[PDB]
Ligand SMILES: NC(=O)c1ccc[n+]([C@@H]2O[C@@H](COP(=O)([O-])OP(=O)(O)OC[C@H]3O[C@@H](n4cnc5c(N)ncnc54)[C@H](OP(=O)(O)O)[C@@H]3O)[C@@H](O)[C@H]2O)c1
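Taking the form deposited without the named molecule, here's one chain by itself in structure tokens.
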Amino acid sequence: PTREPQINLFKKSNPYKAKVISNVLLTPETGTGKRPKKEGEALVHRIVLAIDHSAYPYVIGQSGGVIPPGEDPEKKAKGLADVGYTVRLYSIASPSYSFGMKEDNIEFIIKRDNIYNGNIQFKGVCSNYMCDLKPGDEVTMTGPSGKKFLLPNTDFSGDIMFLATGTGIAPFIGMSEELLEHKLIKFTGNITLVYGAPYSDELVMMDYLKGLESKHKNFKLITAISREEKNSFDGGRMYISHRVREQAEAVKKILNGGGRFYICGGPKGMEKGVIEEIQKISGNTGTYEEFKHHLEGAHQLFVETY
């Protein structure tokens, strides 16, 4: 809620207690779905927490921090006096004011983060804790966090490209709802959401995303399914970067027309492949770092990869 991003309103020393409204599995149950056996699990949940929007006045594009319960064995073993698990950040998935502008909740799209043969080797603490949440459970929350990855706060005529891998869809759920529905700003640009996931059933919120596309004309949904689609350029796996290339004219509308690219998801540093594809499109032959900083300087690139 309320515009103007605030950060670190809540920290480990003064956390925010949020109650679980819902935590539903978005992807097929393990063993079901396209992902084989080897190739681990892909268990992604939409977590809806009840929050006081006056206490937690988050902006879409920000992260919510979660402190998972318990002692961290690495910290006990290192003899820290800290010992509590460190915050894990999760992109907020819900629009600033919540769906329906109800100001009642916060949402997260959280993958089970495990290693995996296909059988579990190492279990992610916070992602699993979060995906294990039952209605009415209390989440220790931190933040809000981040003040870069944000939507325009004034009227915007520029085109916006949302570039997502997996859970990186999160900010763009809320961002798209906000831009198309909430109209906190007048948005007269085109949204292109490029959403990458390994399997079609590992893409989440698709009914909702396709629905936005059919309701608007303002909104284009493109998916890149890396283990089911080959790209036309080299026949390799389809990634959002290949979709970006396919969408050269839309990318050029953004490059030339003051629009924005938002890149969110994994793995860490995946924006590089995307940006350098945007760079090929622009015809710029400077260093990756020159082009990216230029774009960020121009407010035309926002990256949150992890």
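Residue positions are given as counts along the sequence shown, with the first one as 1.
The discussion below concerns the form deposited with the named molecule bound, not included here.
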Go through 76 to 84, 150 to 158, 195 to 203, 97 to 105 and give me the stretch that gets within 4.5 Å of the named molecule in the entry with it bound, heavy atoms only. 195 to 203
Between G266, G40, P69, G257, only one gets a heavy atom within 4.5 angstroms of the named molecule in the entry with it bound; which residue is that? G266
Just to be sure I understand the contacts: of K252, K280, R237, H53, which is the one whose heavy atoms reach within 4.5 angstroms of the named molecule in the entry with it bound? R237
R35 near the named molecule in the entry with it bound, any heavy atom under 4.5 Å? yes
Any of the heavy atoms of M270 lying within 4.5 Å of the named molecule in the entry with it bound? yes
Taking any heavy atom pair closer than or equal to 4.5 Å as contact, tell me whether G189 reaches the named molecule in the entry with it bound. no
Contact of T165 with the named molecule in the entry with it bound (heavy atom, 4.5 Å): yes
